[PDB]
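Following: one structure in structure tokens, then a few remarks.
Excluded from the calculations below are hydrogen atoms, water molecules and symmetry mates; all remaining heavy atoms, backbone and side chain alike, are included. Letters A, B, ... are given to chains in the order of the sequence lines, protein chains preceding strands, and every chain is numbered from 1.
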Amino acid sequence: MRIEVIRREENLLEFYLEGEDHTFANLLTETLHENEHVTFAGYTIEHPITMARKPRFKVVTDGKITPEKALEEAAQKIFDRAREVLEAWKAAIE
Amino acid sequence: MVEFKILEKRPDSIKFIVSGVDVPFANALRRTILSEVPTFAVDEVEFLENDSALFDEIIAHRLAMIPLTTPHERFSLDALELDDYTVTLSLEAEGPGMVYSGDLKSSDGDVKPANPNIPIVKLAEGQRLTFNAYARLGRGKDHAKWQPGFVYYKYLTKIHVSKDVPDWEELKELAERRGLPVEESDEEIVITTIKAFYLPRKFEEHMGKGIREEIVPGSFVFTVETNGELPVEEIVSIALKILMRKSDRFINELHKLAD
């Protein structure tokens, strides 16, 4: 996994996330949408049919939070929710 | 307030309701299972002899598609960077007779065909087949050979059928016949869709009036089958751990921007 910053301007970050694909990219983008201060989050796939395949994200905020902080908040939510779901799963099966 | 309810366990498979989540998470769980959860599979084959009726390439493909036991207690299957450990599955055979998956000899007993009865290729008298097949960890997103199974999922819903609907009795009967929970009141029957429901054509006109399907918010019914590399419950556990590992590493990479 590696972040490559493609573009920066006021309240805007565009980046590649090498090593990832639809699974994380969709979950991250949908989680970002929960944040009222995120005015856009989306991704497209670059190099879709070679080994260079990677998602290209764009994240835009209203300025009350940075794209980077929105991204960290969304990723933390994913971590926390996966943790909670794993605990519930283990409770059901072991 | 996340909960799981295990409904049914069947050969190589499981059906459960997960509640207190949402559509993006359900989508992510399904995708992670299909695309990210790793298994051992034959990845490269060195043929030394092949007098059979079939191409090397066809036999190599059949070997790739044999589900191999994948020891989740030995290797970290939620690791972002998978162990590059290679297992050698070897065969040295002469006809006449069918070559089965069970005839493969593994360098590592923990990694071998889960099913010993899969036919690979028939050999006639005098025909030899000798190869070393190399198995490694990989992911379904790279090649289908590494996909650990199949995932089916749906909204948990309640189908409401007003008793104003002529022959609503047939719908109660159909639901009962297929093991779907039915609750009956004076006004209606309500069918819980722990499986798909197939509305007979006769009742389609009543959709939006007498018949209404109401999604149970945050609840989803999953049906998961393993190919045999991993127990089906372990597949789910690994998938959830993988989402934790990915999110954790992404946060670490974000911190490098700061710098």
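- Contact of A:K90 with chain B is made through the side chain alone, with heavy-atom distances under 4.5 Å.
- Looking only at heavy-atom pairs under 4.5 Å with chain A, the residue among B:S237, B:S35, B:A28 that has the most is B:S237.
- Side-chain atoms of B:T192 do not come within 3.5 Å of backbone N or O of B:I194 as any donor-acceptor pair.
- Counting only N and O atoms by type, the side chains of B:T69 and B:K112 include no donor and acceptor under 3.5 Å apart.
- Of the two parts of A:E72, the backbone and the side chain both hold a non-hydrogen atom closer than 4.5 Å to a non-hydrogen atom of chain B.
- Of the residues considered (A:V85, A:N26, A:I93), A:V85 shows the highest number of contacts with chain B, using heavy-atom pairs under 4.5 Å.
- If you tally non-hydrogen atom pairs under 4.5 Å between each of A:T31, A:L17, A:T66, A:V5 and chain B, the highest count goes to A:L17.
- Across B:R245, B:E36, B:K246, the residue that shares the most heavy-atom pairs under 4.5 angstrom with chain A is B:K246.
- Listed options B:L243, B:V236, B:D22 were ranked by heavy-atom pairs under 4.5 angstrom with chain A; first place goes to B:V236.
- Using a 4.0 Å cut-off between charged nitrogen and carboxylate oxygen, B:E3 and B:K5 count as a salt-bridge pair.
- When the heavy atoms of residues 249-259 of chain B are compared with those of chain A, the residues falling under 4.5 Å are B:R249, B:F250, B:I251, B:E253, B:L254, B:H255, B:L257, listed by number.
- The pair A:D21-B:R139 does not count as a salt bridge, with every side-chain nitrogen at least 4.0 angstrom from each carboxylate oxygen.
- Side chain of A:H33 to backbone of A:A41: a donor-acceptor contact under 3.5 angstrom is found.
- From B:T86, atom OG1 reaches atom CG of B:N132 across 12.0 Å, with rounding to the nearest 0.5 Å.
- Neither the backbone nor the side chain of B:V23 comes within contact range of chain A; no heavy atoms are under 4.5 Å apart.
- For a residue to count as touching a neighbouring chain, one of its non-hydrogen atoms must lie under 4.5 Å from one of that chain's; by this rule A:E87 does not touch chain B.
- With a threshold of 4.5 angstrom between heavy atoms, A:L27 approaches chain B through side-chain atoms but not through N, CA, C or O.
- B:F4 has its ring centre less than 6.0 Å from the ring centre of B:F16.
- There is a side-chain donor-acceptor pair under 3.5 Å between B:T157 and B:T193.
- For A:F24, the part lying near chain B is the side chain, with the backbone staying farther off; criterion is any non-hydrogen pair under 4.5 Å.
- Inter-residue side-chain proximity for B:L68 and B:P113 is flagged as met; some heavy-atom pair is nearer than 4.5 Å.
- For A:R2, the side chain to side chain donor-acceptor pair (under 3.5 Å) partners two or more places apart in sequence, or in a different chain, are A:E4, A:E18.
- Using a cutoff of 4.0 Å between basic side-chain nitrogens and carboxylate oxygens, B:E8 and B:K15 are not scored as salt-bridged.
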